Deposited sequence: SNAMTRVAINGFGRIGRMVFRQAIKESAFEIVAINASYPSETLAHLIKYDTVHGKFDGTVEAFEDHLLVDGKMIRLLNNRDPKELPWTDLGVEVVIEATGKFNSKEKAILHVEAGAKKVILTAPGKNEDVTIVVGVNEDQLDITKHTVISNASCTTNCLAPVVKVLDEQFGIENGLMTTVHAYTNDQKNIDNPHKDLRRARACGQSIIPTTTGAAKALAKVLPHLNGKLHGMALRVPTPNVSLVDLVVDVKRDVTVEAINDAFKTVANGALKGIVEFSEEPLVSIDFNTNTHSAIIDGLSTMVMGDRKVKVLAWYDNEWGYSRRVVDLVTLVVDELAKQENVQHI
């Protein structure tokens, strides 16, 4: 098994951690800013997903989980982290403060072969959205690897399907999310930019300049949605579009993409592990070409499972 390390224990760090403790590899370390007592608690009790299906026990310099030992490091400098020291092949980077390669390469300085960013990268070797472009992963070329963002992860797979089947002329989109970002979240809809359409240039390059978007932050706890109005190149029906997605979910994108025929609300998708959950009842078609598709996604649960999917894959290509 291959030793992995999580760096930072924010929300993503925690969720990733949670579903990671899987066969293909093993988490042997966390570098965090919180004392064993506190990590301990965070792992076990969840504000959004409930309570920990496993077991947890706190100690001075390390942690135990299901009898699995985890050393606890507190260093804000990756240069000084002991990977090669600790047998650490791959670093999962959840701090969000080293998102740039120049600054992320320090994990490799310090004895780690690979860094996987749980956010969008700067000057990274590659960006991989699982279910879409993963063939593009070249193990001998790439060291710092981006998982993109959770919106990109929802958008790319959806947009991919449309384009393969019906072709994409162009499209506009709105990510309804759970500068102006300064402002109080609780009383407001907050409009803003999104990078997730610009990110497509990285994982789906034929689609360059074809899609643009924006975000609306709203005061809802967990589940977000992508609202996508695209024009296609050939005649389609509500029916034909929904069946593309029905097909693919039983198919190539099983576990990446879900089709929901059923009338649910955003919180029904709490703790769903797909990147995109197509809301079948909201598919619209105008003039046989113009297409609206709504896709739900959990902001953390889905994303983090694609992080473990990616980590699994890298671990697999080192072997």
Handout entry: Deposited-sequence ranges lacking C-alpha coordinates, in sequence order
Key = 1 to 3, 25, 183 to 196, 338 to 345
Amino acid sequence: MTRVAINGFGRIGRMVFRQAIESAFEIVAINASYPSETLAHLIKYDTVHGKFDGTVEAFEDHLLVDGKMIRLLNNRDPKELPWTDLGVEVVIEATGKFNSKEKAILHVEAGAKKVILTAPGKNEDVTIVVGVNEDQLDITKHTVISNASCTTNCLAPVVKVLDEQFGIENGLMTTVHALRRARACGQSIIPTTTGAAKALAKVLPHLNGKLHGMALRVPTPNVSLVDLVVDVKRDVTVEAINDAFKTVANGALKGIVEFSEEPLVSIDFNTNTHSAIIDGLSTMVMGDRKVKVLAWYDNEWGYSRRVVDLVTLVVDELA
From here on, numbers count along this sequence of modelled residues.
Problem - Between the two ranges 266 to 274 and 33 to 41, the one averaging a larger CA B factor in the entry - result: 33 to 41
Fill in the blank from the handout: Taking the deposited Cα B-factors and averaging over 51 to 59 and over 256 to 264, the higher mean is found in 51 to 59
Exercise for the section: Could you tell me which one of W301, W296, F25, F17 shows the highest CA temperature factor in the PDB record? Expected result: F25
Practice task
Check the PDB entry and point out which of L207, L72, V232, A196 has the largest C-alpha temperature factor.
Solution key: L72
Practice task
Sorting the chain's modelled residues by C-alpha B-factor, tell me whether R76 ends up in the lowest, middle or highest third.
Solution key: highest
Exercise for the section: Pull the Cα B-factor of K103 out of the PDB entry and bin it into the chain's lowest, middle or highest third. Expected result: highest
Exercise for the section: Please rank the C-alpha B-factors of the chain's modelled residues and tell me whether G111 sits in the lowest, middle or highest third. Expected result: highest
Practice task
Give the position of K97 by CA B-factor within its chain, expressed as the lowest, middle or highest third.
Solution key: highest
Fill in the blank from the handout: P221: CA temperature factor from the record, placed by chain third, in the middle
